[PDB]
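For reference, entry.tsv is printed below; it contains TSV, N, CA and C atoms.
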chain	number	residue	atom	x	y	z
A	22	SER	N	-56.77	4.99	16.31
A	22	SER	CA	-57.29	5.78	17.47
A	22	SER	C	-58.60	5.24	18.05
A	23	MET	N	-58.90	5.71	19.25
A	23	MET	CA	-60.12	5.33	19.92
A	23	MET	C	-61.31	5.98	19.21
A	24	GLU	N	-61.16	7.22	18.73
A	24	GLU	CA	-62.26	7.88	18.03
A	24	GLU	C	-62.66	7.06	16.75
A	25	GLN	N	-61.65	6.66	15.96
A	25	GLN	CA	-61.90	5.93	14.70
A	25	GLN	C	-62.73	4.70	14.96
A	26	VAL	N	-62.41	4.01	16.04
A	26	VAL	CA	-63.20	2.84	16.49
A	26	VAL	C	-64.68	3.20	16.84
A	27	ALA	N	-64.84	4.26	17.65
A	27	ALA	CA	-66.18	4.84	18.02
A	27	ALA	C	-67.01	5.15	16.76
A	28	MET	N	-66.35	5.83	15.80
A	28	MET	CA	-66.92	6.16	14.47
A	28	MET	C	-67.39	4.86	13.76
A	29	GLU	N	-66.47	3.89	13.72
A	29	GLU	CA	-66.73	2.59	13.12
A	29	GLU	C	-67.85	1.79	13.80
A	30	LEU	N	-68.01	1.94	15.11
A	30	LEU	CA	-69.14	1.31	15.82
A	30	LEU	C	-70.51	1.92	15.40
A	31	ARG	N	-70.53	3.26	15.20
A	31	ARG	CA	-71.73	4.03	14.71
A	31	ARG	C	-72.06	3.65	13.26
A	32	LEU	N	-71.07	3.67	12.37
A	32	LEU	CA	-71.26	3.12	11.02
A	32	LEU	C	-71.81	1.67	11.05
A	33	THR	N	-71.29	0.85	11.95
A	33	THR	CA	-71.73	-0.51	12.05
A	33	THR	C	-73.14	-0.56	12.53
A	34	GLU	N	-73.47	0.30	13.49
A	34	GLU	CA	-74.84	0.32	13.96
A	34	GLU	C	-75.80	0.91	12.89
A	35	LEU	N	-75.31	1.87	12.12
A	35	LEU	CA	-76.13	2.47	11.03
A	35	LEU	C	-76.40	1.38	9.99
A	36	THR	N	-75.34	0.63	9.67
A	36	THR	CA	-75.44	-0.51	8.78
A	36	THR	C	-76.46	-1.47	9.31
A	37	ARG	N	-76.47	-1.72	10.63
A	37	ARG	CA	-77.43	-2.58	11.27
A	37	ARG	C	-78.85	-2.07	11.07
A	38	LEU	N	-79.06	-0.79	11.33
A	38	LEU	CA	-80.39	-0.19	11.15
A	38	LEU	C	-80.82	-0.20	9.65
A	39	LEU	N	-79.93	0.20	8.77
A	39	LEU	CA	-80.21	0.16	7.31
A	39	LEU	C	-80.49	-1.24	6.75
A	40	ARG	N	-79.84	-2.27	7.29
A	40	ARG	CA	-80.17	-3.66	6.90
A	40	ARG	C	-81.62	-4.03	7.20
A	41	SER	N	-82.11	-3.65	8.38
A	41	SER	CA	-83.48	-3.88	8.78
A	41	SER	C	-84.46	-3.05	7.85
A	42	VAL	N	-84.13	-1.77	7.65
A	42	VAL	CA	-84.87	-0.91	6.69
A	42	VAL	C	-84.92	-1.58	5.32
A	43	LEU	N	-83.79	-2.09	4.84
A	43	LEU	CA	-83.77	-2.70	3.52
A	43	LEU	C	-84.68	-3.90	3.48
A	44	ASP	N	-84.65	-4.72	4.53
A	44	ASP	CA	-85.53	-5.90	4.54
A	44	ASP	C	-86.99	-5.51	4.54
A	45	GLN	N	-87.35	-4.49	5.29
A	45	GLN	CA	-88.73	-4.01	5.31
A	45	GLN	C	-89.19	-3.48	3.94
A	46	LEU	N	-88.31	-2.77	3.25
A	46	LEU	CA	-88.66	-2.21	1.91
A	46	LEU	C	-88.81	-3.31	0.89
A	47	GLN	N	-87.87	-4.24	0.91
A	47	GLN	CA	-87.93	-5.37	0.03
A	47	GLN	C	-89.18	-6.27	0.25
A	48	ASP	N	-89.70	-6.39	1.47
A	48	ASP	CA	-90.99	-7.08	1.67
A	48	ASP	C	-92.17	-6.44	0.97
A	49	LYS	N	-92.08	-5.14	0.74
A	49	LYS	CA	-93.10	-4.44	-0.02
A	49	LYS	C	-93.05	-4.69	-1.51
A	50	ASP	N	-92.17	-5.60	-1.93
A	50	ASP	CA	-91.98	-6.01	-3.35
A	50	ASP	C	-92.10	-7.53	-3.44
A	51	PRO	N	-93.30	-8.08	-3.14
A	51	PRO	CA	-93.38	-9.55	-3.11
A	51	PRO	C	-93.21	-10.18	-4.48
A	52	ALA	N	-93.53	-9.44	-5.54
A	52	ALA	CA	-93.29	-9.97	-6.88
A	52	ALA	C	-91.79	-10.04	-7.30
A	53	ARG	N	-90.91	-9.40	-6.54
A	53	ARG	CA	-89.47	-9.37	-6.81
A	53	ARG	C	-89.11	-8.70	-8.11
A	54	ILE	N	-89.89	-7.67	-8.43
A	54	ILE	CA	-89.68	-6.89	-9.64
A	54	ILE	C	-88.37	-6.07	-9.53
A	55	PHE	N	-88.03	-5.73	-8.30
A	55	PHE	CA	-86.87	-4.84	-8.02
A	55	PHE	C	-85.68	-5.52	-7.37
A	56	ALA	N	-85.75	-6.86	-7.28
A	56	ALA	CA	-84.75	-7.65	-6.64
A	56	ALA	C	-83.37	-7.65	-7.25
A	57	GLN	N	-83.30	-7.60	-8.59
A	57	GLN	CA	-82.06	-7.74	-9.29
A	57	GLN	C	-81.92	-6.66	-10.37
A	58	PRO	N	-80.69	-6.37	-10.80
A	58	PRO	CA	-80.52	-5.43	-11.90
A	58	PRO	C	-81.31	-5.79	-13.15
A	59	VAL	N	-81.87	-4.79	-13.81
A	59	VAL	CA	-82.46	-5.02	-15.12
A	59	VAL	C	-81.37	-5.67	-16.01
A	60	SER	N	-81.72	-6.81	-16.62
A	60	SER	CA	-80.81	-7.57	-17.49
A	60	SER	C	-80.48	-6.84	-18.83
A	61	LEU	N	-79.19	-6.61	-19.08
A	61	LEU	CA	-78.77	-5.93	-20.28
A	61	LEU	C	-78.77	-6.91	-21.42
A	62	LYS	N	-78.76	-8.23	-21.13
A	62	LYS	CA	-79.00	-9.21	-22.21
A	62	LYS	C	-80.44	-9.13	-22.69
A	63	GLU	N	-81.40	-9.05	-21.77
A	63	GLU	CA	-82.85	-8.96	-22.08
A	63	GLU	C	-83.42	-7.56	-22.45
A	64	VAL	N	-82.75	-6.50	-21.97
A	64	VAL	CA	-83.10	-5.12	-22.32
A	64	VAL	C	-81.82	-4.43	-22.76
A	65	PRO	N	-81.34	-4.77	-24.00
A	65	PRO	CA	-80.02	-4.28	-24.42
A	65	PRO	C	-79.92	-2.75	-24.54
A	66	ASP	N	-81.01	-2.04	-24.75
A	66	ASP	CA	-80.97	-0.57	-24.83
A	66	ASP	C	-81.10	0.13	-23.48
A	67	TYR	N	-81.13	-0.63	-22.37
A	67	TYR	CA	-81.59	-0.03	-21.11
A	67	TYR	C	-80.78	1.24	-20.75
A	68	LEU	N	-79.49	1.16	-20.91
A	68	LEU	CA	-78.58	2.28	-20.53
A	68	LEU	C	-78.67	3.51	-21.40
A	69	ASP	N	-79.31	3.39	-22.58
A	69	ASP	CA	-79.68	4.54	-23.38
A	69	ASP	C	-80.81	5.37	-22.72
A	70	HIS	N	-81.60	4.72	-21.87
A	70	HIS	CA	-82.75	5.31	-21.18
A	70	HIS	C	-82.38	5.71	-19.73
A	71	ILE	N	-81.81	4.78	-19.01
A	71	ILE	CA	-81.52	4.90	-17.59
A	71	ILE	C	-80.02	5.00	-17.36
A	72	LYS	N	-79.60	6.17	-16.86
A	72	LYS	CA	-78.17	6.38	-16.64
A	72	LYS	C	-77.58	5.85	-15.36
A	73	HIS	N	-78.41	5.70	-14.33
A	73	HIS	CA	-77.94	5.15	-13.11
A	73	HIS	C	-78.91	4.01	-12.66
A	74	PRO	N	-78.68	2.80	-13.17
A	74	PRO	CA	-79.52	1.66	-12.72
A	74	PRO	C	-79.35	1.34	-11.24
A	75	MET	N	-80.42	0.79	-10.64
A	75	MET	CA	-80.36	0.43	-9.26
A	75	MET	C	-81.34	-0.71	-8.99
A	76	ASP	N	-81.07	-1.48	-7.97
A	76	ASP	CA	-81.91	-2.63	-7.59
A	76	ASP	C	-81.56	-3.03	-6.15
A	77	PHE	N	-82.39	-3.86	-5.53
A	77	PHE	CA	-82.17	-4.24	-4.15
A	77	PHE	C	-80.90	-5.06	-3.91
A	78	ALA	N	-80.49	-5.94	-4.84
A	78	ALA	CA	-79.26	-6.71	-4.64
A	78	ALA	C	-77.99	-5.80	-4.65
A	79	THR	N	-78.00	-4.84	-5.54
A	79	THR	CA	-76.91	-3.85	-5.67
A	79	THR	C	-76.86	-3.00	-4.38
A	80	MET	N	-78.01	-2.57	-3.86
A	80	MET	CA	-78.04	-1.84	-2.54
A	80	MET	C	-77.48	-2.69	-1.42
A	81	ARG	N	-77.86	-3.97	-1.44
A	81	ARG	CA	-77.39	-4.88	-0.43
A	81	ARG	C	-75.86	-5.05	-0.49
A	82	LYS	N	-75.27	-5.08	-1.66
A	82	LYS	CA	-73.82	-5.20	-1.75
A	82	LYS	C	-73.16	-3.93	-1.16
A	83	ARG	N	-73.68	-2.76	-1.50
A	83	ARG	CA	-73.16	-1.52	-0.94
A	83	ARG	C	-73.34	-1.51	0.58
A	84	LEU	N	-74.52	-1.85	1.05
A	84	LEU	CA	-74.79	-1.95	2.47
A	84	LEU	C	-73.75	-2.78	3.23
A	85	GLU	N	-73.49	-4.01	2.76
A	85	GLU	CA	-72.61	-4.92	3.48
A	85	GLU	C	-71.12	-4.57	3.43
A	86	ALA	N	-70.72	-3.76	2.46
A	86	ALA	CA	-69.41	-3.13	2.44
A	86	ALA	C	-69.42	-1.80	3.25
A	87	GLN	N	-70.43	-1.61	4.12
A	87	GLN	CA	-70.64	-0.32	4.85
A	87	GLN	C	-70.45	0.92	3.98
A	88	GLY	N	-71.02	0.88	2.78
A	88	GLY	CA	-70.88	1.92	1.82
A	88	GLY	C	-71.93	3.03	1.93
A	89	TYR	N	-72.88	2.92	2.86
A	89	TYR	CA	-73.81	4.05	3.08
A	89	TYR	C	-73.36	4.84	4.33
A	90	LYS	N	-72.97	6.08	4.13
A	90	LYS	CA	-72.48	6.94	5.26
A	90	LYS	C	-73.60	7.48	6.14
A	91	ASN	N	-74.77	7.70	5.54
A	91	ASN	CA	-75.95	8.25	6.22
A	91	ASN	C	-77.20	7.74	5.51
A	92	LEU	N	-78.37	7.89	6.13
A	92	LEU	CA	-79.68	7.53	5.55
A	92	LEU	C	-79.96	8.20	4.21
A	93	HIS	N	-79.58	9.46	4.07
A	93	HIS	CA	-79.78	10.19	2.80
A	93	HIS	C	-79.21	9.42	1.58
A	94	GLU	N	-78.00	8.94	1.70
A	94	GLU	CA	-77.39	8.16	0.60
A	94	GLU	C	-78.20	6.86	0.26
A	95	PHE	N	-78.69	6.18	1.27
A	95	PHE	CA	-79.49	4.99	1.16
A	95	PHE	C	-80.82	5.31	0.50
A	96	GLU	N	-81.45	6.38	0.92
A	96	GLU	CA	-82.71	6.84	0.28
A	96	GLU	C	-82.54	7.24	-1.19
A	97	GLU	N	-81.41	7.87	-1.51
A	97	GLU	CA	-81.09	8.18	-2.88
A	97	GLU	C	-81.15	6.92	-3.77
A	98	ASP	N	-80.51	5.86	-3.31
A	98	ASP	CA	-80.53	4.55	-4.02
A	98	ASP	C	-81.95	3.99	-4.07
A	99	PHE	N	-82.72	4.05	-2.98
A	99	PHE	CA	-84.11	3.54	-3.06
A	99	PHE	C	-84.97	4.30	-4.06
A	100	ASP	N	-84.82	5.60	-4.05
A	100	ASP	CA	-85.51	6.48	-4.95
A	100	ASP	C	-85.13	6.19	-6.43
A	101	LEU	N	-83.88	5.85	-6.72
A	101	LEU	CA	-83.46	5.47	-8.09
A	101	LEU	C	-84.24	4.25	-8.55
A	102	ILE	N	-84.38	3.26	-7.67
A	102	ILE	CA	-85.13	2.07	-8.05
A	102	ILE	C	-86.51	2.44	-8.59
A	103	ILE	N	-87.21	3.29	-7.83
A	103	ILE	CA	-88.56	3.72	-8.12
A	103	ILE	C	-88.59	4.60	-9.37
A	104	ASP	N	-87.74	5.63	-9.36
A	104	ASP	CA	-87.78	6.61	-10.41
A	104	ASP	C	-87.36	6.04	-11.76
A	105	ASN	N	-86.38	5.14	-11.81
A	105	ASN	CA	-85.92	4.55	-13.05
A	105	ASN	C	-87.09	3.77	-13.67
A	106	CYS	N	-87.79	3.03	-12.83
A	106	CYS	CA	-88.95	2.21	-13.29
A	106	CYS	C	-90.08	3.03	-13.85
A	107	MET	N	-90.40	4.14	-13.19
A	107	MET	CA	-91.48	5.01	-13.57
A	107	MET	C	-91.16	5.77	-14.87
A	108	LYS	N	-89.87	5.89	-15.22
A	108	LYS	CA	-89.52	6.49	-16.49
A	108	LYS	C	-89.52	5.41	-17.60
A	109	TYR	N	-88.87	4.30	-17.38
A	109	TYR	CA	-88.70	3.26	-18.42
A	109	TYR	C	-90.00	2.62	-18.81
A	110	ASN	N	-90.86	2.39	-17.81
A	110	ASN	CA	-92.15	1.70	-18.05
A	110	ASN	C	-93.31	2.64	-18.09
A	111	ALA	N	-94.26	2.41	-18.99
A	111	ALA	CA	-95.44	3.24	-19.04
A	111	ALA	C	-96.39	3.04	-17.86
A	112	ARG	N	-97.19	4.04	-17.63
A	112	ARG	CA	-98.15	4.07	-16.55
A	112	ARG	C	-99.07	2.84	-16.42
A	113	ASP	N	-99.48	2.26	-17.53
A	113	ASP	CA	-100.38	1.11	-17.53
A	113	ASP	C	-99.68	-0.28	-17.46
A	114	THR	N	-98.54	-0.37	-16.78
A	114	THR	CA	-97.77	-1.61	-16.79
A	114	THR	C	-97.70	-2.09	-15.36
A	115	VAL	N	-97.56	-3.41	-15.22
A	115	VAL	CA	-97.37	-3.99	-13.91
A	115	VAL	C	-96.09	-3.45	-13.23
A	116	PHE	N	-95.07	-3.17	-14.02
A	116	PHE	CA	-93.83	-2.60	-13.47
A	116	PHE	C	-94.03	-1.23	-12.86
A	117	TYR	N	-94.64	-0.30	-13.62
A	117	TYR	CA	-94.86	1.06	-13.10
A	117	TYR	C	-95.70	0.98	-11.85
A	118	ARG	N	-96.77	0.16	-11.90
A	118	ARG	CA	-97.66	0.07	-10.77
A	118	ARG	C	-96.94	-0.48	-9.55
A	119	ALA	N	-96.05	-1.44	-9.76
A	119	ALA	CA	-95.29	-1.97	-8.64
A	119	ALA	C	-94.42	-0.91	-7.97
A	120	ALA	N	-93.79	-0.05	-8.77
A	120	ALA	CA	-93.03	1.04	-8.23
A	120	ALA	C	-93.86	2.06	-7.43
A	121	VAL	N	-95.07	2.40	-7.89
A	121	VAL	CA	-95.88	3.30	-7.16
A	121	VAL	C	-96.21	2.75	-5.76
A	122	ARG	N	-96.57	1.47	-5.74
A	122	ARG	CA	-96.94	0.76	-4.51
A	122	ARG	C	-95.76	0.66	-3.53
A	123	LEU	N	-94.58	0.36	-4.07
A	123	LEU	CA	-93.33	0.38	-3.28
A	123	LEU	C	-92.98	1.72	-2.70
A	124	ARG	N	-93.11	2.78	-3.51
A	124	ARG	CA	-92.93	4.13	-3.02
A	124	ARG	C	-93.93	4.42	-1.88
A	125	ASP	N	-95.20	4.12	-2.12
A	125	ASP	CA	-96.20	4.52	-1.14
A	125	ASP	C	-95.98	3.80	0.19
A	126	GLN	N	-95.79	2.48	0.08
A	126	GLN	CA	-95.54	1.64	1.24
A	126	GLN	C	-94.21	1.86	1.92
A	127	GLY	N	-93.16	2.13	1.17
A	127	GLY	CA	-91.85	2.40	1.75
A	127	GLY	C	-91.80	3.69	2.53
A	128	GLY	N	-92.70	4.64	2.21
A	128	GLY	CA	-92.71	5.98	2.82
A	128	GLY	C	-92.81	5.92	4.32
A	129	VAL	N	-93.66	5.00	4.78
A	129	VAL	CA	-93.96	4.78	6.20
A	129	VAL	C	-92.70	4.30	6.94
A	130	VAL	N	-91.98	3.37	6.31
A	130	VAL	CA	-90.79	2.73	6.84
A	130	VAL	C	-89.68	3.77	6.91
A	131	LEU	N	-89.54	4.53	5.84
A	131	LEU	CA	-88.52	5.57	5.77
A	131	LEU	C	-88.75	6.75	6.73
A	132	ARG	N	-90.01	7.12	6.94
A	132	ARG	CA	-90.38	8.10	7.93
A	132	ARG	C	-89.88	7.74	9.34
A	133	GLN	N	-90.10	6.48	9.77
A	133	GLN	CA	-89.67	6.07	11.09
A	133	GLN	C	-88.14	5.89	11.17
A	134	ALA	N	-87.52	5.40	10.10
A	134	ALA	CA	-86.08	5.26	10.07
A	134	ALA	C	-85.36	6.59	10.26
A	135	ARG	N	-85.86	7.67	9.65
A	135	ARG	CA	-85.27	8.99	9.83
A	135	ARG	C	-85.34	9.45	11.32
A	136	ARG	N	-86.49	9.24	11.95
A	136	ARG	CA	-86.66	9.51	13.36
A	136	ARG	C	-85.64	8.68	14.20
A	137	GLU	N	-85.49	7.37	13.89
A	137	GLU	CA	-84.53	6.48	14.58
A	137	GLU	C	-83.07	6.88	14.43
A	138	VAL	N	-82.70	7.31	13.23
A	138	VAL	CA	-81.35	7.77	12.96
A	138	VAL	C	-81.01	9.08	13.68
A	139	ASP	N	-81.91	10.05	13.64
A	139	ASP	CA	-81.81	11.30	14.44
A	139	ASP	C	-81.80	10.99	15.96
A	140	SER	N	-82.78	10.21	16.41
A	140	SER	CA	-82.92	9.84	17.83
A	140	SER	C	-81.64	9.18	18.39
A	141	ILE	N	-81.28	8.00	17.88
A	141	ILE	CA	-80.05	7.28	18.31
A	141	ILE	C	-78.73	7.93	17.86
A	142	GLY	N	-78.79	9.04	17.10
A	142	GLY	CA	-77.60	9.79	16.69
A	142	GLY	C	-76.97	9.17	15.46

Written as structure tokens, how would this file's structure read?
Amino acid sequence: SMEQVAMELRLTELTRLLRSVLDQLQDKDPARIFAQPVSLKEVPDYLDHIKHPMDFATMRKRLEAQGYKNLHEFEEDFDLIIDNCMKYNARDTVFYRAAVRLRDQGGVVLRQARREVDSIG
């Protein structure tokens, strides 16, 4: 149908906007602490601590399969990245501190993205 196509153009455009959002958030992580999944070879107990792992490469795979239906779902995944780190790592670690900084800096980007998603529909 013509509607399904219209729907698919909006998903594609949302994907377009979320790709730009993802690139902006990932620039706030110059150390690349959040770039890839925590290694289960290097942290074999990780899943005993963290039940839903997340990282920027995994978000990117979901993104490119148009797997985010709305901004809320995308934010949920970003928030997992931050929250998993803040639980697994202690407060006095470069990891925890990197997550705090990513959260603080990402807030600005996410604030405007919500306005853009509401605005452009």

Report the residues of range 63-133 of chain A whose backbone DSSP state falls under alpha helix (DSSP H), written as a ChimeraX atom specification. /A:67-70,77-85,92-109,115-133

Could you turn the residues from that selection into a file that holds N, CA and C atoms, as a compact mmCIF listing (two decimals), in the frame of the given file?
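part22.txt was written with the following content:
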# COMPACT_ATOMS: atom_id res chain seq x y z
N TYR A 67 -81.13 -0.63 -22.37
CA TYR A 67 -81.59 -0.03 -21.11
C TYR A 67 -80.78 1.24 -20.75
N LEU A 68 -79.49 1.16 -20.91
CA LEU A 68 -78.58 2.28 -20.53
C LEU A 68 -78.67 3.51 -21.40
N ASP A 69 -79.31 3.39 -22.58
CA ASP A 69 -79.68 4.54 -23.38
C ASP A 69 -80.81 5.37 -22.72
N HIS A 70 -81.60 4.72 -21.87
CA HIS A 70 -82.75 5.31 -21.18
C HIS A 70 -82.38 5.71 -19.73
N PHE A 77 -82.39 -3.86 -5.53
CA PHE A 77 -82.17 -4.24 -4.15
C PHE A 77 -80.90 -5.06 -3.91
N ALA A 78 -80.49 -5.94 -4.84
CA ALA A 78 -79.26 -6.71 -4.64
C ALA A 78 -77.99 -5.80 -4.65
N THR A 79 -78.00 -4.84 -5.54
CA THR A 79 -76.91 -3.85 -5.67
C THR A 79 -76.86 -3.00 -4.38
N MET A 80 -78.01 -2.57 -3.86
CA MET A 80 -78.04 -1.84 -2.54
C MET A 80 -77.48 -2.69 -1.42
N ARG A 81 -77.86 -3.97 -1.44
CA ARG A 81 -77.39 -4.88 -0.43
C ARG A 81 -75.86 -5.05 -0.49
N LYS A 82 -75.27 -5.08 -1.66
CA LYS A 82 -73.82 -5.20 -1.75
C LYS A 82 -73.16 -3.93 -1.16
N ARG A 83 -73.68 -2.76 -1.50
CA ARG A 83 -73.16 -1.52 -0.94
C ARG A 83 -73.34 -1.51 0.58
N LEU A 84 -74.52 -1.85 1.05
CA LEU A 84 -74.79 -1.95 2.47
C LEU A 84 -73.75 -2.78 3.23
N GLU A 85 -73.49 -4.01 2.76
CA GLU A 85 -72.61 -4.92 3.48
C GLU A 85 -71.12 -4.57 3.43
N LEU A 92 -78.37 7.89 6.13
CA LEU A 92 -79.68 7.53 5.55
C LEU A 92 -79.96 8.20 4.21
N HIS A 93 -79.58 9.46 4.07
CA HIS A 93 -79.78 10.19 2.80
C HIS A 93 -79.21 9.42 1.58
N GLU A 94 -78.00 8.94 1.70
CA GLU A 94 -77.39 8.16 0.60
C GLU A 94 -78.20 6.86 0.26
N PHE A 95 -78.69 6.18 1.27
CA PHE A 95 -79.49 4.99 1.16
C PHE A 95 -80.82 5.31 0.50
N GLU A 96 -81.45 6.38 0.92
CA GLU A 96 -82.71 6.84 0.28
C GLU A 96 -82.54 7.24 -1.19
N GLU A 97 -81.41 7.87 -1.51
CA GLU A 97 -81.09 8.18 -2.88
C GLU A 97 -81.15 6.92 -3.77
N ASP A 98 -80.51 5.86 -3.31
CA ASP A 98 -80.53 4.55 -4.02
C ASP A 98 -81.95 3.99 -4.07
N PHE A 99 -82.72 4.05 -2.98
CA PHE A 99 -84.11 3.54 -3.06
C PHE A 99 -84.97 4.30 -4.06
N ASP A 100 -84.82 5.60 -4.05
CA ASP A 100 -85.51 6.48 -4.95
C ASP A 100 -85.13 6.19 -6.43
N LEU A 101 -83.88 5.85 -6.72
CA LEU A 101 -83.46 5.47 -8.09
C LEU A 101 -84.24 4.25 -8.55
N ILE A 102 -84.38 3.26 -7.67
CA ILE A 102 -85.13 2.07 -8.05
C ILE A 102 -86.51 2.44 -8.59
N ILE A 103 -87.21 3.29 -7.83
CA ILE A 103 -88.56 3.72 -8.12
C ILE A 103 -88.59 4.60 -9.37
N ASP A 104 -87.74 5.63 -9.36
CA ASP A 104 -87.78 6.61 -10.41
C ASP A 104 -87.36 6.04 -11.76
N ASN A 105 -86.38 5.14 -11.81
CA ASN A 105 -85.92 4.55 -13.05
C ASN A 105 -87.09 3.77 -13.67
N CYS A 106 -87.79 3.03 -12.83
CA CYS A 106 -88.95 2.21 -13.29
C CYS A 106 -90.08 3.03 -13.85
N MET A 107 -90.40 4.14 -13.19
CA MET A 107 -91.48 5.01 -13.57
C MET A 107 -91.16 5.77 -14.87
N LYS A 108 -89.87 5.89 -15.22
CA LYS A 108 -89.52 6.49 -16.49
C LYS A 108 -89.52 5.41 -17.60
N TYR A 109 -88.87 4.30 -17.38
CA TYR A 109 -88.70 3.26 -18.42
C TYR A 109 -90.00 2.62 -18.81
N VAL A 115 -97.56 -3.41 -15.22
CA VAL A 115 -97.37 -3.99 -13.91
C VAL A 115 -96.09 -3.45 -13.23
N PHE A 116 -95.07 -3.17 -14.02
CA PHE A 116 -93.83 -2.60 -13.47
C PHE A 116 -94.03 -1.23 -12.86
N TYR A 117 -94.64 -0.30 -13.62
CA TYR A 117 -94.86 1.06 -13.10
C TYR A 117 -95.70 0.98 -11.85
N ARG A 118 -96.77 0.16 -11.90
CA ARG A 118 -97.66 0.07 -10.77
C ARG A 118 -96.94 -0.48 -9.55
N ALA A 119 -96.05 -1.44 -9.76
CA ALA A 119 -95.29 -1.97 -8.64
C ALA A 119 -94.42 -0.91 -7.97
N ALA A 120 -93.79 -0.05 -8.77
CA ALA A 120 -93.03 1.04 -8.23
C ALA A 120 -93.86 2.06 -7.43
N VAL A 121 -95.07 2.40 -7.89
CA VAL A 121 -95.88 3.30 -7.16
C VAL A 121 -96.21 2.75 -5.76
N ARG A 122 -96.57 1.47 -5.74
CA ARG A 122 -96.94 0.76 -4.51
C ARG A 122 -95.76 0.66 -3.53
N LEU A 123 -94.58 0.36 -4.07
CA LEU A 123 -93.33 0.38 -3.28
C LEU A 123 -92.98 1.72 -2.70
N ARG A 124 -93.11 2.78 -3.51
CA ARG A 124 -92.93 4.13 -3.02
C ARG A 124 -93.93 4.42 -1.88
N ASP A 125 -95.20 4.12 -2.12
CA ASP A 125 -96.20 4.52 -1.14
C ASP A 125 -95.98 3.80 0.19
N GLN A 126 -95.79 2.48 0.08
CA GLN A 126 -95.54 1.64 1.24
C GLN A 126 -94.21 1.86 1.92
N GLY A 127 -93.16 2.13 1.17
CA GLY A 127 -91.85 2.40 1.75
C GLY A 127 -91.80 3.69 2.53
N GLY A 128 -92.70 4.64 2.21
CA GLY A 128 -92.71 5.98 2.82
C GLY A 128 -92.81 5.92 4.32
N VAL A 129 -93.66 5.00 4.78
CA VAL A 129 -93.96 4.78 6.20
C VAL A 129 -92.70 4.30 6.94
N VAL A 130 -91.98 3.37 6.31
CA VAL A 130 -90.79 2.73 6.84
C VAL A 130 -89.68 3.77 6.91
N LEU A 131 -89.54 4.53 5.84
CA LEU A 131 -88.52 5.57 5.77
C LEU A 131 -88.75 6.75 6.73
N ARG A 132 -90.01 7.12 6.94
CA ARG A 132 -90.38 8.10 7.93
C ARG A 132 -89.88 7.74 9.34
N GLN A 133 -90.10 6.48 9.77
CA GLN A 133 -89.67 6.07 11.09
C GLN A 133 -88.14 5.89 11.17

So which residues touch range 49-53 of chain A within 7 Å, counting all atoms listed in the file, skipping near sequence neighbours fewer than 2 positions away, as a list in words?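 Everything that qualifies: residues 44, 45, 46, 47, 55, 56, 57, 122, 123, 126 and 127 of chain A.
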
So how many Å separate atom C of residue 138 in chain A and atom N of residue 92 in chain A, to one decimal? 8.1 Å

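Of the listed residues (A:38, A:68, A:23, A:120), A:38 comes nearest to residue 84 in chain A; the distances count only C-alpha atoms.
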
Report as a PDB file with N, CA and C atoms, keeping the file's coordinate frame all protein, DNA and RNA residues lying within 8 Å of residue 74 in chain A, evaluated on only C-alpha atoms, omitting residues in the same chain fewer than 4 positions from it.
ATOM      1  N   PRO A  58     -80.690  -6.370 -10.800  1.00  0.00           N
ATOM      2  CA  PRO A  58     -80.520  -5.430 -11.900  1.00  0.00           C
ATOM      3  C   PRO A  58     -81.310  -5.790 -13.150  1.00  0.00           C
ATOM      4  N   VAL A  59     -81.870  -4.790 -13.810  1.00  0.00           N
ATOM      5  CA  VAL A  59     -82.460  -5.020 -15.120  1.00  0.00           C
ATOM      6  C   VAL A  59     -81.370  -5.670 -16.010  1.00  0.00           C
ATOM      7  N   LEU A  68     -79.490   1.160 -20.910  1.00  0.00           N
ATOM      8  CA  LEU A  68     -78.580   2.280 -20.530  1.00  0.00           C
ATOM      9  C   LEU A  68     -78.670   3.510 -21.400  1.00  0.00           C
ATOM     10  N   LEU A 101     -83.880   5.850  -6.720  1.00  0.00           N
ATOM     11  CA  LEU A 101     -83.460   5.470  -8.090  1.00  0.00           C
ATOM     12  C   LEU A 101     -84.240   4.250  -8.550  1.00  0.00           C
ATOM     13  N   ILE A 102     -84.380   3.260  -7.670  1.00  0.00           N
ATOM     14  CA  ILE A 102     -85.130   2.070  -8.050  1.00  0.00           C
ATOM     15  C   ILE A 102     -86.510   2.440  -8.590  1.00  0.00           C
ATOM     16  N   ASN A 105     -86.380   5.140 -11.810  1.00  0.00           N
ATOM     17  CA  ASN A 105     -85.920   4.550 -13.050  1.00  0.00           C
ATOM     18  C   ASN A 105     -87.090   3.770 -13.670  1.00  0.00           C
TER      19      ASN A 105
END

May I ask which of the residues A:131, A:61, A:119, A:32 is the closest one to residue 106 in chain A, counting only C-alpha atoms?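 Comparing A:131, A:61, A:119, A:32 against residue 106 in chain A, the winner is A:119.
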
Between atom C of residue 79 in chain A and atom N of residue 93 in chain A - distance in Å to one decimal: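 That distance, rounded to one decimal, is 15.3 Å.
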
Any idea what the distance is between CA of residue 95 in chain A and CA of residue 80 in chain A? 7.9 Å

Under the rule that only C-alpha atoms are counted, which of A:75, A:26, A:115, A:42 is the nearest residue to residue 97 in chain A?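 Under the stated criterion, the closest residue is A:75.
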
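Using only C-alpha atoms, the nearest neighbour of residue 88 in chain A within the list A:130, A:28, A:36, A:113 is A:36.
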
Calculated over only N, CA and C atoms, which of the candidates A:103, A:65, A:96, A:137 has the smallest distance to residue 124 in chain A?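 Under the stated criterion, the closest residue is A:103.
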
Would you please work out which residue, of A:60, A:43, A:33, A:90, is nearest to residue 77 in chain A when using all atoms listed in the file? A:43
